[PDB]
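S.K.: To start, I am sharing the structure in question, which I have written as structure tokens.
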Amino acid sequence: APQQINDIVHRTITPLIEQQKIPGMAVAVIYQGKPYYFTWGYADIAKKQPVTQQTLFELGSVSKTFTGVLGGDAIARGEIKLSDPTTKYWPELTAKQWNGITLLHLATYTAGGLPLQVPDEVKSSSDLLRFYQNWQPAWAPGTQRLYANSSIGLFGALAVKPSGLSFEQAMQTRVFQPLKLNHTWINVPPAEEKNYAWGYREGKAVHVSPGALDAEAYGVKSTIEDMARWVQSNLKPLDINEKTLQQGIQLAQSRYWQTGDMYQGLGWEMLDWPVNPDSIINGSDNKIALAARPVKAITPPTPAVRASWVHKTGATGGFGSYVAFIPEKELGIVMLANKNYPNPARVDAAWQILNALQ
Ligand SMILES: O=C(O)[C@H]1CC(=O)N(c2ccccc2O)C1
């Protein structure tokens with residue numbers, strides 16, 4: 001690696017690992033079309049398995065970027081429209097409160113306060129219909145943003161309905177395979193289990209538990225190499241050969257709503273570059289905990305802005321993930337860890353590395 005990249009990464013990440021007691025970490029810096037990889041510590045403490053460029057980490061809510069892009073691809077295919085009523089793809093959602101709630105609202109957390117989590121009690125598909133039918137919005141659609149799994153999770157499931165493919169099949173066929181993400185999984189196959197890192201919560205080894213709409217909201221697992229490739233694909237979508245996928249990526253980075261300094265895309269979230277870490281942290285949902293914010297509609301949505309800090313945080317019970325890139329500087333970073341550590345620390349470290357290299 002160029003020494004500047006080596007130095008800034010190691011001098012930032014090593015103290016982070018010490019401070020946060022992170023068992024294992026993988027980092028990719030993408031610089032002008034080139035990835036550079038760095039690994040520390042353990043994927044599995046008990047079995048003394050090191051973190052490599054091949055170990056799988058739970059992305060958690062970074063999965064929402066994949067969901068957003070798949071949704072964008074479906075739009076590009078002419079299969080769905082973000083202006084479509086939710087009921088067009090789920091006509092059994094007949095409860096009145098759903099009148100005026102569009103796929104856009106679901107994708108962007110602006111439906112009127114859909115819950116952050118689907119209850120663990122929701123185990124069947126009839127349970128799921130009951131859940132959405134009985135849900136009572138506190139706000140009119142498109143007035144407030146409330147970050148929620150049940151919102152974008154539903155968007156994901158409905159976005160693939162015209163295709164006739166399962167969410168997993170659609171994601172594999174339309175996003176993973178064309179982008180050569182051959183070690184990215186919604187369900188970790190037996191063949192790749194040796195590479196699947198354990199998460200660590202309160203010193204215990206843990207993996208994400210199954211739940212309703214998990215694949216769509218927080219279910220993707222990936223390597224540092226595939227994630228670097230994912231960032232590069234989103235940094236430079238014009239290089240992508242598949243027309244609808246190229247367009248899908250562009251639609252995910254469109255600015256649909258503004259709350260404070262942050263603009264909501266499909267999965268991705270954006271702020272204007274230059275920006276300081278304290279403004280990024282303030283424009284972030286640091287935990288899955290209620291933060292209701294009035295939104296201003298961007299009418300019509302601004303197409304992907306090159307001078308943006310584009311990012312997403314993710315954190316299952318035992319993992320902490322972060323992805324950020326600045327399109328206009330051909331610069332990106334992926335941070336994958338098998339401990340859920342505070343988001344501000346992730347943002348601080350990512351900014352420190354990217355600011356030095358830009
Ligand atoms: O995005 C984040 O960093 C928070 C917010 C969120 O939805 N998280 C989350 C919650 C449940 C499963 C996976 C997750 O990533 C963690």
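In the structure tokens, chains take the letters A, B, ... in the order shown, each chain's residues start at 1, and ligands count up from 1 in the order shown.
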Using only C-alpha atoms and all ligand atoms, which residues of the polymer chains come no farther than 9 Å from ligand 1? I'd like the answer as JSON, numbers by chain.
M.R.: {"A": [58, 59, 60, 61, 62, 63, 64, 116, 117, 147, 148, 149, 208, 214, 217, 218, 219, 284, 285, 286, 287, 288, 289, 312, 313, 314, 315, 316, 317, 319, 320, 321, 322, 340, 342, 343]}
S.K.: Taking 4 positions as the minimum chain separation for residues in the same chain, which residues sit within 12 Å of stretch 76-90 of chain A when counting only C-alpha atoms? Answer as a ChimeraX atom specification.
M.R.: /A:68-72,94-108,111,128-129,132-133,141,151-152,154-164,174,242-252,256,266,300-301
S.K.: Could you tell me, as number ranges by chain, which residues of stretch 50-236 of chain A DSSP assigns to helix (DSSP H, G or I) when given the backbone?
M.R.: A: 60-76, 86-88, 96-98, 103-107, 125-134, 149-159, 167-176, 190-195, 214-217, 224-235
S.K.: Report, in Å with one decimal, the straight-line distance from atom CA of residue A:201 to atom CA of residue A:38.
M.R.: 23.1 Å
S.K.: Which residues in stretch 87-316 of chain A does DSSP call strand (DSSP E)? List them as a ChimeraX atom specification.
M.R.: /A:144-145,199-201,204-206,221-222,255-259,262-264,269-272,293-294,296-302,308-314
S.K.: Where does stretch 293-312 of chain A meet stretch 231-235 of chain A within 10 Å, residue by residue, with the nearest atom pair and distance in Å to one decimal for each, counting only C-alpha atoms, listed by chain and rising number, as JSON lines?
M.R.:
```
{"residue": "A:306", "atom": "CA", "partner": "A:235", "partner_atom": "CA", "distance": 8.8}
{"residue": "A:310", "atom": "CA", "partner": "A:235", "partner_atom": "CA", "distance": 9.2}
{"residue": "A:311", "atom": "CA", "partner": "A:231", "partner_atom": "CA", "distance": 9.9}
```
